[PDB]
Amino acid sequence: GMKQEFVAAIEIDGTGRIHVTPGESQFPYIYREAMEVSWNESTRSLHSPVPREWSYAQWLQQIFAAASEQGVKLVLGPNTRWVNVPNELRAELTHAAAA
Amino acid sequence: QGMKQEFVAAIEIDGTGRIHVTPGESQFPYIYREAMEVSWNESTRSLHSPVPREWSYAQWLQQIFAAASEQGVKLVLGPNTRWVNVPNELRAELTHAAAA
């Protein structure tokens with residue numbers, strides 16, 4: 001049950017987000033799709049997040065931060081097992097878990 | 001305060017490239033509720049990330065078109081399509097990404 005529609009504009013804003021402005025439709029609730037697409041009303045555009053390349057280090061900290069929100073401070077031990085983590089990365093990750 | 005310190009039993013990057021943190025004892029069934037893009041996999045009892053991925057404008061355009069399509073609108077680029085601050089090459093690549 002679709003419906004074809006022309007895009008009025010494609011734009012990259014000053015923060016690097018890409019905006020697609022629909023020919024006519026509005027999507028105030030595009031967030032409910034859980035696809036990290038947002039709606040900016042002032043410009044009636046669907047847009048991406050600010051460009052982001054997340055390292056494993058940053059994801060590790062994110063995972064730690066989430067567990068912390070639920071009352072658990074995770075720490076690495078001398079017995080923690082590292083599985084399929086290159087040596088160079090392990091160092092970086094270990095530093096991440098502490099920083 | 002109620003904050004419990006705990007050992008990590010394992011760090012693992014799986015076959016799909018997600019990084020897994022296996023807590024020593026705690027479980028986090030509702031971790032998704034923190035809205036932080038972290039998930040709990042009960043079969044492996046681990047917190048994990050999504051699959052890694054580089055930033056790509058083409059992909060993001062496709063992602064944007066895909067979100068719109070879920071809400072019943074198939075977007076298409078036209079000859080009258082206005083491009084603001086989109087460099088020549090990116091503009092070509094974005095055009096092709098919208099076609100494929």
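Neighbour counts run over all protein chains shown; Cβ positions are idealised from the backbone, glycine included. Please treat every number below as a calculation from the coordinates, not as lab data.
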Under 22 Å Cα-Cα from B:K4, which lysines qualify once same-chain neighbours fewer than 8 residues away are excluded? A:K73
Taking one equal scatterer on every alpha-carbon of the protein assembly as shown, how large is log10 of I(q)/I(0) by Debye at q = 0.10, 0.11, 0.16 1/Å? -0.55, -0.64, -0.97
May I ask you to derive the relative contact order of region A:53-99, considering only C-alpha pairs under 8 Å and at least 6 residues apart, and to give it as an integer percent? 53
What is the mean number of Cβ atoms from other protein chains located within 10 Å of the Cβ atom of each residue in peptide A:5-17, rounded to a whole number? 5
What residues have an amide H closer than 5 Å to that of B:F7, excluding those fewer than 5 places away on the same chain, when H is modeled at 1.01 Å from N in the peptide plane? A:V75, B:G24
Using amide H atoms built in the peptide plane, which far-off residues or other-chain residues are under 5 Å from B:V86 H to H? A:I12
Between A:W39 and B:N88, take the C-beta separation as r, use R0 = 41 Å, and let me know the FRET efficiency to the nearest 0.05. 0.90
Just to check I understand the Karplus step: with θ = phi - 60° and J = 6.51 cos²θ - 1.76 cosθ + 1.60, what whole-Hz values come out for region A:60-77, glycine and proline as x? 4, 4, 4, 4, 4, 4, 5, 4, 4, 4, 9, x, 10, 8, 7, 9, 7, x
Whole-Å distance linking the alpha carbon centroid of region B:65-82 with that of region A:26-99 is 29
Among the chymotrypsin sites (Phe, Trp or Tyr not before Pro) within region A:38-97, which fall in a DSSP loop and have no more than 10 other Cβ atoms within 10 Å of their own Cβ? none
Averaged across the residues of B:27-35, what count of C-beta atoms belonging to other chains lies within 10 Å of each residue's C-beta? 3
Charge tally for neighbours of B:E25 with beta carbon under 11 Å away, counting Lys, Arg as +1 and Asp, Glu as -1, is +1
